[PDB]
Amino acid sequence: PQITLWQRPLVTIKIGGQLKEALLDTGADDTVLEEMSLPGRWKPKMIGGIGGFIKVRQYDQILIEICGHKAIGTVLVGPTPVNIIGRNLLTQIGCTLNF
């Protein structure tokens, strides 16, 4: 699809058997999701944003479906306010910016 930016660019994702809504975020290196129950082993990590840092649990090679496109990569889970699909997964679904 082509998405204009008058509204937040939200998509439906399916991850760990659960449906969620998430922001397509070209400003995000990595993918960061609300506290959620994910299968497998993780690793503690800290990521920084505009206001400081949050602790996240990092899971590698997780399958996500992003608006009907499948990707596999790293997902971080923690106290983010919004679910964010970052460039590590946007590249896999072929997402580009155009103007």
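Numbers for residues come from their place in the sequence shown, where the first is 1.
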Of 57-65 vs 34-42, the stretch with the larger average CA B-factor in the entry is 34-42
Ranked by mean Cα B-factor in the entry, 23-31 and 45-53, top stretch is 45-53
Highest recorded Cα temperature factor - choice among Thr96, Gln2, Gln7, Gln92: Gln2
Temperature factor at the Cα of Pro79, chain-ranked in thirds, falls in the highest
